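In the entry's author numbering, the protein residues as written are 27 to 327. Using N, Cα and C, we set each Cβ at its ideal position, and we do this for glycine too.
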Amino acid sequence: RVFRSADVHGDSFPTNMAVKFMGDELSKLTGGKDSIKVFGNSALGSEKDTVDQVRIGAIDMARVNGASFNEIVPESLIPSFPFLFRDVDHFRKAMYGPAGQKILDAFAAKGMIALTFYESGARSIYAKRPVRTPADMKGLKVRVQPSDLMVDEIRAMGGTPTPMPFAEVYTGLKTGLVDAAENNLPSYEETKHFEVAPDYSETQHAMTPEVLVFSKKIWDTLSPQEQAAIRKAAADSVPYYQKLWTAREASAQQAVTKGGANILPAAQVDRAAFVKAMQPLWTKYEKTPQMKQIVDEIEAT
Ligand SMILES: O=C(O)[C@H]1O[C@@H](O)[C@H](O)[C@@H](O)[C@H]1O
Ligand SMILES: [Ca+2]
Ligand SMILES: [Ca+2]
Ligand SMILES: [Cl-]
Numbered sequence: 027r028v029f030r031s032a033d034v035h036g037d038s039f040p041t042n043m044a045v046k047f048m049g050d051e052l053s054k055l056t057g058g059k060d061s062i063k064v065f066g067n068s069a070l071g072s073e074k075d076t077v078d079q080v081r082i083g084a085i086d087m088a089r090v091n092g093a094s095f096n097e098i099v100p101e102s103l104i105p106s107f108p109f110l111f112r113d114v115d116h117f118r119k120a121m122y123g124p125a126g127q128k129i130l131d132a133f134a135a136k137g138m139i140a141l142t143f144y145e146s147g148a149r150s151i152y153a154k155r156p157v158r159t160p161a162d163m164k165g166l167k168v169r170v171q172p173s174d175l176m177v178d179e180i181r182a183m184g185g186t187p188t189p190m191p192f193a194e195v196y197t198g199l200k201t202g203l204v205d206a207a208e209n210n211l212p213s214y215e216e217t218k219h220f221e222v223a224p225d226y227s228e229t230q231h232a233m234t235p236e237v238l239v240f241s242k243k244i245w246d247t248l249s250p251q252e253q254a255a256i257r258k259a260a261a262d263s264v265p266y267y268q269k270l271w272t273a274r275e276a277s278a279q280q281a282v283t284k285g286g287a288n289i290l291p292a293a294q295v296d297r298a299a300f301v302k303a304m305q306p307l308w309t310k311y312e313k314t315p316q317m318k319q320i321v322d323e324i325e326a327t
């Protein structure tokens, strides 16, 4: 049947496109039994709300950021840890390997089947002034996702964190409720945040993944063959997503720069000042030997 899936991004965004592709692939594998419709633009609710809905079986699927599980699935904290991944190649090798699998596995006890990760580049601060160091962060009202870890990350960077839904951030910046936020370049572009917060400073403080989750209540009513079809379609969507995403990182950078944004490259940012300040959070959020082991498996990749 038609599975309903949520996304905060617009229809043309790579996450929406990848799950629509998954849906097309899935309909074939199931002899037309199944397809997916993606409701974008936060139509079904904030990310938080849609995760609640997936967990109770009110919607079938959601494509959400890892941060949105940080208070539900402890293992989801790990890939949001600051400066955990060395670069994108490290993210890919670790997150599509056994370490990433252990993180996906942890979702089942909380009513969700985590089918796949998608990469989300690196999140960086943007604002109305450049940011090279924490002193530069001091005084900024910085929107964060509603995650205790992300609140702590931005506080350690020196900003004053304020949680808000993604859809509300643009107006928050345009009207001065907040002075800053953080995200990857494609999101900075899509939302037009770059028009009102033109200084994008490559702090690259997190490389949090996206996660595609399926309601376990619904999943549990499916046959092993249907389940295997859905898992195959999700896996097959990843190289498709990666083609779109890598192109979008490049096009977003050019578009925001053409549109007046000033990107401060990572090399000019004192990752030094940010790394030593944020590291302790790893120890704070390592809540089990299992989490410690996952972090270790990631680092050893
Ligand atoms: O900051 C946000 O709220 C958003 O960040 C984006 O990178 C992510 O794709 C979204 O799912 C959402 O979490
Ligand atoms: Ca809640
Ligand atoms: Ca360790
Ligand atoms: Cl949201």
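- It is roughly 13 Å from the alpha-carbon of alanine 125 to the alpha-carbon of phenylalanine 111.
- Counted as a single uninterrupted DSSP element, the beta strand (DSSP E) harbouring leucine 238 occupies residues 236-241.
- The continuous alpha helix (DSSP H) containing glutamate 215 extends over residues 211-216.
- In this structure, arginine 81 and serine 241 form a Cβ contact; the two beta carbons are roughly 7 Å apart against a cut-off of 8 Å.
- DSSP, reduced to helix, strand and coil, places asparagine 42 within a helical segment of the structure shown.
- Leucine 211 sits away from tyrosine 144, with the two beta carbons spaced by 8 Å or more.
- When the Cα atoms are used, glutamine 305 and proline 108 turn out to be separated by approximately 7 Å.
- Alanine 326 counts as exposed, since fewer than 16 other beta carbons sit within 10 angstroms of its beta carbon.
- Between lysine 284 and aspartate 225, the alpha-carbon positions lie close to 13 Å from each other.
- Per DSSP, the unbroken alpha helix (DSSP H) holding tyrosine 196 starts and ends at 195-200.
- For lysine 167, the closest alpha carbon among the candidates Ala260, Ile320 and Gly184 is that of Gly184.
- Close to ligand 2, as judged by a C-beta nearer than 7 Å to any of its heavy atoms, are the residues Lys74 and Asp78, in chain order.
- For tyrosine 267, the enclosing alpha helix (DSSP H) begins and ends at 250-284.
- The closest CA to that of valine 295, considering only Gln319, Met163, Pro105 and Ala287, is found on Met163.
- Contact check for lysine 136 against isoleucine 320 fails: the beta carbons are separated by 8 Å or more.
- Apart from the 5 residues on each side of it in sequence, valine 195 sits with its Cβ closer than 8 Å to the Cβ of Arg169, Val204, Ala207, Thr217 and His219 in its chain, given in chain order.
- Counting only runs of 4+ residues, the alpha helix (DSSP H) found wholly inside the region 122-181 occupies 124-131 and 160-163, in chain order.
- Boundaries for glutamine 294: no beta strand (DSSP E) harbours it, and the DSSP string shows neither H nor E there.
- Contact between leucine 290 and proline 156 holds, with the beta-carbon distance rounding to 5 Å and staying under 8 Å.
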